[PDB]
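A.B. asks: What follows is input07.pdb, PDB, C-alpha atoms and all ligand atoms.
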```
ATOM      1  CA  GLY A   1      -9.929   8.618  -8.539
ATOM      2  CA  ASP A   2      -8.306   5.102  -8.490
ATOM      3  CA  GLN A   3      -4.610   4.754  -7.425
ATOM      4  CA  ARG A   4      -2.788   1.485  -8.389
ATOM      5  CA  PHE A   5      -0.124  -0.034  -6.055
ATOM      6  CA  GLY A   6       1.311  -3.346  -7.233
ATOM      7  CA  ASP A   7      -1.725  -5.539  -8.093
ATOM      8  CA  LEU A   8      -4.093  -3.517  -5.775
ATOM      9  CA  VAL A   9      -6.344  -0.431  -6.324
ATOM     10  CA  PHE A  10      -7.184   2.274  -3.709
ATOM     11  CA  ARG A  11     -10.110   4.737  -4.126
ATOM     12  CA  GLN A  12     -10.530   7.634  -1.645
ATOM     13  CA  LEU A  13     -14.246   7.739  -0.589
ATOM     14  CA  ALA A  14     -13.890  10.421   2.149
ATOM     15  CA  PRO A  15     -11.106  12.620   3.612
ATOM     16  CA  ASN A  16     -10.134   9.704   5.984
ATOM     17  CA  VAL A  17     -11.669   6.648   4.170
ATOM     18  CA  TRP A  18     -10.372   4.537   1.234
ATOM     19  CA  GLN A  19     -11.737   1.389  -0.441
ATOM     20  CA  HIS A  20      -9.030  -1.255  -1.045
ATOM     21  CA  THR A  21      -9.523  -3.685  -3.967
ATOM     22  CA  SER A  22      -7.672  -6.982  -4.604
ATOM     23  CA  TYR A  23      -8.151  -9.428  -7.525
ATOM     24  CA  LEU A  24      -7.986 -13.206  -7.918
ATOM     25  CA  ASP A  25      -7.525 -14.332 -11.571
ATOM     26  CA  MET A  26      -9.454 -17.668 -11.856
ATOM     27  CA  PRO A  27      -8.703 -19.576 -15.126
ATOM     28  CA  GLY A  28     -11.641 -19.072 -17.578
ATOM     29  CA  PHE A  29     -13.741 -17.093 -14.995
ATOM     30  CA  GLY A  30     -11.331 -14.070 -15.099
ATOM     31  CA  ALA A  31     -10.268 -11.584 -12.351
ATOM     32  CA  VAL A  32     -12.655 -11.334  -9.288
ATOM     33  CA  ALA A  33     -12.530  -7.994  -7.347
ATOM     34  CA  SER A  34     -12.954  -7.969  -3.522
ATOM     35  CA  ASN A  35     -13.263  -4.584  -1.725
ATOM     36  CA  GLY A  36     -12.534  -3.637   1.914
ATOM     37  CA  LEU A  37     -12.016  -0.316   3.813
ATOM     38  CA  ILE A  38      -9.040   1.621   5.279
ATOM     39  CA  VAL A  39      -9.977   4.299   7.885
ATOM     40  CA  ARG A  40      -7.659   7.050   9.204
ATOM     41  CA  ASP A  41      -8.838   7.835  12.779
ATOM     42  CA  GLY A  42      -6.553  10.549  14.283
ATOM     43  CA  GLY A  43      -3.066   9.028  14.748
ATOM     44  CA  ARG A  44      -3.944   5.412  13.754
ATOM     45  CA  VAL A  45      -5.437   3.376  10.845
ATOM     46  CA  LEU A  46      -8.308   0.795  11.075
ATOM     47  CA  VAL A  47      -8.735  -1.856   8.280
ATOM     48  CA  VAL A  48     -12.024  -3.625   7.355
ATOM     49  CA  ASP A  49     -11.347  -7.047   5.684
ATOM     50  CA  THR A  50      -8.120  -8.538   4.233
ATOM     51  CA  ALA A  51      -7.316  -9.110   0.539
ATOM     52  CA  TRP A  52      -7.675 -12.618  -1.034
ATOM     53  CA  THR A  53      -4.059 -13.520   0.032
ATOM     54  CA  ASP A  54      -1.300 -12.810   2.584
ATOM     55  CA  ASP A  55       0.902 -11.231  -0.207
ATOM     56  CA  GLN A  56      -1.942  -8.903  -1.361
ATOM     57  CA  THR A  57      -2.674  -8.027   2.341
ATOM     58  CA  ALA A  58       1.075  -7.166   2.926
ATOM     59  CA  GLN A  59       0.773  -4.771  -0.102
ATOM     60  CA  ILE A  60      -2.280  -3.087   1.648
ATOM     61  CA  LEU A  61       0.005  -2.495   4.705
ATOM     62  CA  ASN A  62       2.830  -1.163   2.414
ATOM     63  CA  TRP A  63       0.385   1.296   0.715
ATOM     64  CA  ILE A  64      -0.870   2.539   4.141
ATOM     65  CA  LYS A  65       2.800   2.946   5.205
ATOM     66  CA  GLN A  66       3.500   4.941   1.990
ATOM     67  CA  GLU A  67       0.309   7.089   1.635
ATOM     68  CA  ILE A  68      -0.858   7.473   5.305
ATOM     69  CA  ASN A  69       2.268   6.541   7.379
ATOM     70  CA  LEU A  70       0.324   5.844  10.625
ATOM     71  CA  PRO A  71       0.293   2.501  12.515
ATOM     72  CA  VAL A  72      -2.626   0.051  11.925
ATOM     73  CA  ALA A  73      -4.270  -0.295  15.418
ATOM     74  CA  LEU A  74      -6.731  -3.099  14.421
ATOM     75  CA  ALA A  75      -8.513  -4.905  11.578
ATOM     76  CA  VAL A  76     -12.108  -6.255  11.587
ATOM     77  CA  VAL A  77     -13.064  -9.047   9.087
ATOM     78  CA  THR A  78     -16.727  -9.432   8.039
ATOM     79  CA  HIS A  79     -16.931 -13.256   7.577
ATOM     80  CA  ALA A  80     -14.945 -16.525   7.293
ATOM     81  CA  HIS A  81     -14.395 -16.570   3.474
ATOM     82  CA  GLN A  82     -11.065 -16.206   1.523
ATOM     83  CA  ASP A  83     -11.943 -12.697   0.099
ATOM     84  CA  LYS A  84     -12.427 -11.294   3.693
ATOM     85  CA  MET A  85     -10.034 -13.463   5.817
ATOM     86  CA  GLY A  86      -7.451 -14.818   3.247
ATOM     87  CA  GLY A  87      -4.768 -12.397   4.615
ATOM     88  CA  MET A  88      -5.003 -12.933   8.416
ATOM     89  CA  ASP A  89      -1.349 -14.287   8.720
ATOM     90  CA  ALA A  90      -0.074 -11.052   7.028
ATOM     91  CA  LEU A  91      -1.919  -8.835   9.624
ATOM     92  CA  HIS A  92      -0.637 -11.096  12.468
ATOM     93  CA  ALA A  93       2.997 -11.038  11.159
ATOM     94  CA  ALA A  94       2.654  -7.195  11.300
ATOM     95  CA  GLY A  95       1.473  -7.396  14.980
ATOM     96  CA  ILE A  96      -2.048  -6.039  14.046
ATOM     97  CA  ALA A  97      -4.882  -6.914  16.531
ATOM     98  CA  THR A  98      -7.659  -8.766  14.567
ATOM     99  CA  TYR A  99     -11.409  -8.907  15.419
ATOM    100  CA  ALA A 100     -14.123 -11.122  13.902
ATOM    101  CA  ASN A 101     -17.621 -12.316  14.845
ATOM    102  CA  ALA A 102     -17.098 -15.132  17.424
ATOM    103  CA  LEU A 103     -18.987 -17.405  14.921
ATOM    104  CA  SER A 104     -16.492 -16.369  12.114
ATOM    105  CA  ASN A 105     -13.604 -17.447  14.451
ATOM    106  CA  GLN A 106     -15.558 -20.707  15.188
ATOM    107  CA  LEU A 107     -16.216 -21.461  11.447
ATOM    108  CA  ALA A 108     -12.668 -20.349  10.361
ATOM    109  CA  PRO A 109     -10.917 -23.801  10.620
ATOM    110  CA  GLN A 110     -13.642 -25.632   8.592
ATOM    111  CA  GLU A 111     -13.459 -22.784   5.975
ATOM    112  CA  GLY A 112      -9.608 -23.019   5.785
ATOM    113  CA  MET A 113      -9.202 -19.555   7.388
ATOM    114  CA  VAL A 114      -6.917 -18.433  10.256
ATOM    115  CA  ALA A 115      -9.186 -17.142  13.101
ATOM    116  CA  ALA A 116      -8.947 -13.505  14.297
ATOM    117  CA  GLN A 117      -7.193 -12.953  17.699
ATOM    118  CA  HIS A 118     -10.401 -11.470  19.264
ATOM    119  CA  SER A 119     -14.149 -12.392  19.083
ATOM    120  CA  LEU A 120     -16.998  -9.839  18.663
ATOM    121  CA  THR A 121     -20.387 -10.670  20.308
ATOM    122  CA  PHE A 122     -23.735  -8.946  19.546
ATOM    123  CA  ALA A 123     -26.924  -7.925  21.430
ATOM    124  CA  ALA A 124     -30.297  -9.379  20.244
ATOM    125  CA  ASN A 125     -30.826  -6.061  18.273
ATOM    126  CA  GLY A 126     -27.633  -6.789  16.207
ATOM    127  CA  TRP A 127     -25.323  -4.054  17.687
ATOM    128  CA  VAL A 128     -21.821  -5.202  18.798
ATOM    129  CA  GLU A 129     -21.168  -5.501  22.573
ATOM    130  CA  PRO A 130     -18.803  -2.487  23.054
ATOM    131  CA  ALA A 131     -16.576  -4.423  25.570
ATOM    132  CA  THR A 132     -15.667  -6.917  22.708
ATOM    133  CA  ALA A 133     -14.796  -3.949  20.349
ATOM    134  CA  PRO A 134     -12.646  -1.566  22.469
ATOM    135  CA  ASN A 135     -11.301   1.675  20.838
ATOM    136  CA  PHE A 136     -13.079   1.074  17.455
ATOM    137  CA  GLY A 137     -13.368   4.894  17.067
ATOM    138  CA  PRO A 138     -15.775   5.619  14.140
ATOM    139  CA  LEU A 139     -16.308   1.874  13.314
ATOM    140  CA  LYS A 140     -19.951   0.990  14.216
ATOM    141  CA  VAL A 141     -20.151  -2.822  13.888
ATOM    142  CA  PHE A 142     -23.631  -4.335  13.303
ATOM    143  CA  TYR A 143     -24.616  -8.026  12.900
ATOM    144  CA  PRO A 144     -27.770  -7.784  10.680
ATOM    145  CA  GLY A 145     -28.655 -11.514  10.993
ATOM    146  CA  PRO A 146     -27.922 -14.420   8.607
ATOM    147  CA  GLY A 147     -27.832 -13.808   4.836
ATOM    148  CA  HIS A 148     -24.725 -14.357   2.645
ATOM    149  CA  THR A 149     -23.526 -16.426   5.631
ATOM    150  CA  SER A 150     -24.709 -17.004   9.237
ATOM    151  CA  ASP A 151     -21.634 -14.970  10.465
ATOM    152  CA  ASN A 152     -21.741 -11.984   7.996
ATOM    153  CA  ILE A 153     -21.193  -8.609   9.819
ATOM    154  CA  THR A 154     -21.403  -4.965   8.607
ATOM    155  CA  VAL A 155     -19.573  -1.682   9.469
ATOM    156  CA  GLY A 156     -20.730   1.956   9.368
ATOM    157  CA  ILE A 157     -18.143   4.808   9.527
ATOM    158  CA  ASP A 158     -19.470   7.373  12.067
ATOM    159  CA  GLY A 159     -19.297  10.998  10.718
ATOM    160  CA  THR A 160     -19.357   9.840   7.030
ATOM    161  CA  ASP A 161     -22.006   8.846   4.424
ATOM    162  CA  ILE A 162     -20.365   5.367   4.267
ATOM    163  CA  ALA A 163     -21.701   1.986   5.401
ATOM    164  CA  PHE A 164     -20.053  -1.319   4.389
ATOM    165  CA  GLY A 165     -22.423  -4.255   3.585
ATOM    166  CA  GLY A 166     -19.537  -6.617   2.686
ATOM    167  CA  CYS A 167     -20.778  -9.694   0.717
ATOM    168  CA  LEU A 168     -24.383  -9.384   2.149
ATOM    169  CA  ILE A 169     -25.322  -6.467  -0.211
ATOM    170  CA  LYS A 170     -25.336  -6.625  -4.068
ATOM    171  CA  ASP A 171     -25.348  -3.544  -6.388
ATOM    172  CA  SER A 172     -28.720  -1.947  -7.442
ATOM    173  CA  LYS A 173     -28.199  -3.240 -11.065
ATOM    174  CA  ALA A 174     -27.425  -6.878  -9.988
ATOM    175  CA  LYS A 175     -29.340  -9.594 -11.974
ATOM    176  CA  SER A 176     -29.266 -12.068  -8.985
ATOM    177  CA  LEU A 177     -27.864 -12.703  -5.428
ATOM    178  CA  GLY A 178     -25.205 -14.920  -7.122
ATOM    179  CA  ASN A 179     -24.423 -18.371  -5.608
ATOM    180  CA  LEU A 180     -27.003 -19.288  -2.878
ATOM    181  CA  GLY A 181     -24.849 -22.170  -1.503
ATOM    182  CA  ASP A 182     -23.849 -21.115   2.065
ATOM    183  CA  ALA A 183     -26.761 -18.604   2.323
ATOM    184  CA  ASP A 184     -29.746 -18.283   4.708
ATOM    185  CA  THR A 185     -32.386 -17.660   1.941
ATOM    186  CA  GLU A 186     -35.178 -17.417   4.597
ATOM    187  CA  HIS A 187     -33.622 -14.585   6.739
ATOM    188  CA  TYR A 188     -31.597 -12.861   3.914
ATOM    189  CA  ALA A 189     -34.280 -10.224   3.027
ATOM    190  CA  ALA A 190     -34.756  -9.196   6.728
ATOM    191  CA  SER A 191     -30.933  -9.121   7.260
ATOM    192  CA  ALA A 192     -30.540  -6.758   4.227
ATOM    193  CA  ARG A 193     -33.284  -4.472   5.682
ATOM    194  CA  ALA A 194     -31.740  -4.552   9.237
ATOM    195  CA  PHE A 195     -28.422  -3.256   7.697
ATOM    196  CA  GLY A 196     -30.454  -0.408   6.096
ATOM    197  CA  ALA A 197     -32.179   0.532   9.423
ATOM    198  CA  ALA A 198     -28.852   0.297  11.386
ATOM    199  CA  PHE A 199     -27.195   3.031   9.199
ATOM    200  CA  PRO A 200     -30.102   5.221   8.007
ATOM    201  CA  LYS A 201     -27.788   8.216   7.154
ATOM    202  CA  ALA A 202     -25.449   6.144   4.900
ATOM    203  CA  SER A 203     -25.961   7.407   1.296
ATOM    204  CA  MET A 204     -22.814   5.547   0.009
ATOM    205  CA  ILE A 205     -23.090   1.713   0.321
ATOM    206  CA  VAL A 206     -19.676  -0.013  -0.142
ATOM    207  CA  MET A 207     -19.748  -3.795  -0.841
ATOM    208  CA  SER A 208     -17.239  -6.642  -1.587
ATOM    209  CA  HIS A 209     -17.887  -7.307  -5.329
ATOM    210  CA  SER A 210     -19.304  -4.036  -6.788
ATOM    211  CA  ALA A 211     -18.373  -0.334  -6.902
ATOM    212  CA  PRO A 212     -19.836   1.881  -4.135
ATOM    213  CA  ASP A 213     -23.609   2.377  -4.752
ATOM    214  CA  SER A 214     -26.698   4.219  -3.359
ATOM    215  CA  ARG A 215     -29.170   2.781  -0.781
ATOM    216  CA  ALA A 216     -30.894   1.298  -3.913
ATOM    217  CA  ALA A 217     -28.364  -1.608  -3.404
ATOM    218  CA  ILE A 218     -29.971  -2.412   0.025
ATOM    219  CA  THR A 219     -33.627  -2.256  -1.278
ATOM    220  CA  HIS A 220     -32.747  -4.213  -4.517
ATOM    221  CA  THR A 221     -30.855  -6.868  -2.458
ATOM    222  CA  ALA A 222     -33.797  -7.199   0.005
ATOM    223  CA  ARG A 223     -36.359  -7.366  -2.900
ATOM    224  CA  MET A 224     -34.330 -10.138  -4.693
ATOM    225  CA  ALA A 225     -34.174 -11.994  -1.303
ATOM    226  CA  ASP A 226     -37.997 -11.552  -0.902
ATOM    227  CA  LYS A 227     -38.462 -13.828  -4.018
ATOM    228  CA  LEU A 228     -36.580 -16.679  -2.168
ATOM    229  CA  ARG A 229     -38.853 -16.826   0.946
TER     230      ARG A 229
ATOM    231  CA  UNK B   1     -12.565 -23.612  -3.318
ATOM    232  CA  UNK B   2     -14.762 -21.023  -1.516
ATOM    233  CA  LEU B   3     -13.416 -18.135  -3.610
ATOM    234  CA  UNK B   4     -16.139 -15.714  -2.493
ATOM    235  CA  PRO B   5     -18.804 -15.663  -5.280
ATOM    236  CA  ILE B   6     -17.019 -18.572  -7.080
ATOM    237  CA  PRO B   7     -18.049 -21.776  -5.199
ATOM    238  CA  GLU B   8     -14.980 -23.911  -6.293
TER     239      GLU B   8
HETATM  240 ZN    ZN C 301     -18.279 -22.905   3.056
HETATM  241 ZN    ZN C 302     -17.496 -12.363  -1.195
HETATM  242 ZN    ZN C 303     -18.479 -14.965   1.392
END
```
Mind converting the file's structure to structure tokens?
C.D. replies:
Amino acid sequence: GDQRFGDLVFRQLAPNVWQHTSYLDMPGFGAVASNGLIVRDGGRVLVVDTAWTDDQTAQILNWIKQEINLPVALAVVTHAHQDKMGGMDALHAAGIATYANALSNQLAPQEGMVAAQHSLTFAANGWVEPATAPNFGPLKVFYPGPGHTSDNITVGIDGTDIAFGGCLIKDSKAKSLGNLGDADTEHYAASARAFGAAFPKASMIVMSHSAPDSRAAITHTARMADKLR
Amino acid sequence: XXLXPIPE
């Protein structure tokens, strides 16, 4: 199912949805995969998250050009870390409109990230204010509350079985929540569960650092987080 | 370095 294109991998998850994967070789630690989404919505493409770098993100745009050959209307990035926002200059250079959580844009400079052009805001229930996310088509953006970071956001694809937890969700076989450095350990469990409740029909859970999984990834992540609080 | 899961 995987298609390789330079140093990147693309996996088709639905007729109009692909997972993009980029790698960062870290000496000793080895290659670290980060996943995002590419969505074909009629006559345009929507991207969720950049690659680790500008160069890798340019290759995502080249692949879309080659395999889909539609313009990229917009990209949404799911928090102010390198794996999700490392490639913002490459999207900008391409004249792609970028959206992030207002708080992601606010944290970006301290994190060494370039801010998105536009800020998303959320209701108290976690759902994006539609006026901040115009023409998002099937992208349903949900802020589940603090977990991996204070700014972490999530994306469901309307009319598919796919919801994207980004770095908030770990796979159902994960031994731990990984590094708990920039994390809200108190609210993590509830944030995991809010993601679950926001996209109840999603049977395929896509995440940053594991292969697509079942809803068991949400319940496992929440149950690991329970043992922190 | 803030390389996602890798804290350096
Ligand atoms: Zn940080
Ligand atoms: Zn990450
Ligand atoms: Zn992160």
A.B. asks: Using all atoms listed in the file, determine which residues fall within 10 Å of ligand ZN 303 (chain C), then list them as a VMD selection string.
C.D. replies: (chain A and resid 78 to 85 148 to 149 151 to 152 166 to 168 179 182 to 183 208) or (chain B and resid 2 to 7)
A.B. asks: Please, what distance in Å, to one decimal, runs between atom CA of residue 44 of chain A and atom CA of residue 73 of chain A?
C.D. replies: 6.0 Å
A.B. asks: Which one of A:60, A:9, A:202, A:194 sits closest to residue 222 of chain A if you count all atoms listed in the file?
C.D. replies: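 When distances to residue 222 of chain A are compared using all atoms listed in the file, the smallest one comes from A:194.
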A.B. asks: Might you pull out every residue within 9 Å of residue 58 of chain A, with all atoms listed in the file counted and same-chain residues fewer than 5 positions away left off, and present them as an MDAnalysis selection string?
C.D. replies: chainID A and resid 51 53 63 87 90:91 94
A.B. asks: For residue 140 of chain A, please output as a ChimeraX atom specification all residues within 10 Å (counting all atoms listed in the file; exclusion window: fewer than 2 positions along the same chain).
C.D. replies: /A:127-128,130,133,136-138,142,154-158,163,198-199
A.B. asks: Report, in Å to a single decimal, how far apart atom CA of residue 226 of chain A and atom CA of residue 184 of chain A are.
C.D. replies: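 Pair atom CA of residue 184 of chain A / atom CA of residue 226 of chain A returns 12.0 Å.
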A.B. asks: My list of candidates is A:139, A:33, A:38, A:123. Which is closest to chain B when distances are computed with only C-alpha atoms?
C.D. replies: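 Of A:139, A:33, A:38, A:123, the one nearest chain B is A:33, counting only C-alpha atoms.
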A.B. asks: What is the distance between atom CA of residue 176 of chain A and atom CA of residue 224 of chain A, in Å to one decimal?
C.D. replies: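 Atom-to-atom, atom CA of residue 176 of chain A and atom CA of residue 224 of chain A are spaced 6.9 Å apart.
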A.B. asks: Rank nothing, just name the residue among A:95, A:15, A:126, A:30 nearest to chain B, using all atoms listed in the file.
C.D. replies: A:30
A.B. asks: Using only C-alpha atoms, which residues sit within 7 Å of segment 46-48 of chain A once same-chain residues fewer than 4 positions away are excluded, as a ChimeraX atom specification?
C.D. replies: /A:36-40,72-77
A.B. asks: I need every residue sitting at most 10 Å from the point (-33.4, -1.4, 1.0) (coordinates as in the file, only C-alpha atoms considered), written as a tab-separated table (two decimals) with C-alpha atoms, in the coordinates of the input.
C.D. replies:
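What landed in result-v9.tsv:
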```
chain	number	residue	atom	x	y	z
A	169	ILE	CA	-25.32	-6.47	-0.21
A	172	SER	CA	-28.72	-1.95	-7.44
A	189	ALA	CA	-34.28	-10.22	3.03
A	190	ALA	CA	-34.76	-9.20	6.73
A	192	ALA	CA	-30.54	-6.76	4.23
A	193	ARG	CA	-33.28	-4.47	5.68
A	194	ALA	CA	-31.74	-4.55	9.24
A	195	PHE	CA	-28.42	-3.26	7.70
A	196	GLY	CA	-30.45	-0.41	6.10
A	197	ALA	CA	-32.18	0.53	9.42
A	214	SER	CA	-26.70	4.22	-3.36
A	215	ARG	CA	-29.17	2.78	-0.78
A	216	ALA	CA	-30.89	1.30	-3.91
A	217	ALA	CA	-28.36	-1.61	-3.40
A	218	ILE	CA	-29.97	-2.41	0.02
A	219	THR	CA	-33.63	-2.26	-1.28
A	220	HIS	CA	-32.75	-4.21	-4.52
A	221	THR	CA	-30.86	-6.87	-2.46
A	222	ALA	CA	-33.80	-7.20	0.00
A	223	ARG	CA	-36.36	-7.37	-2.90
```
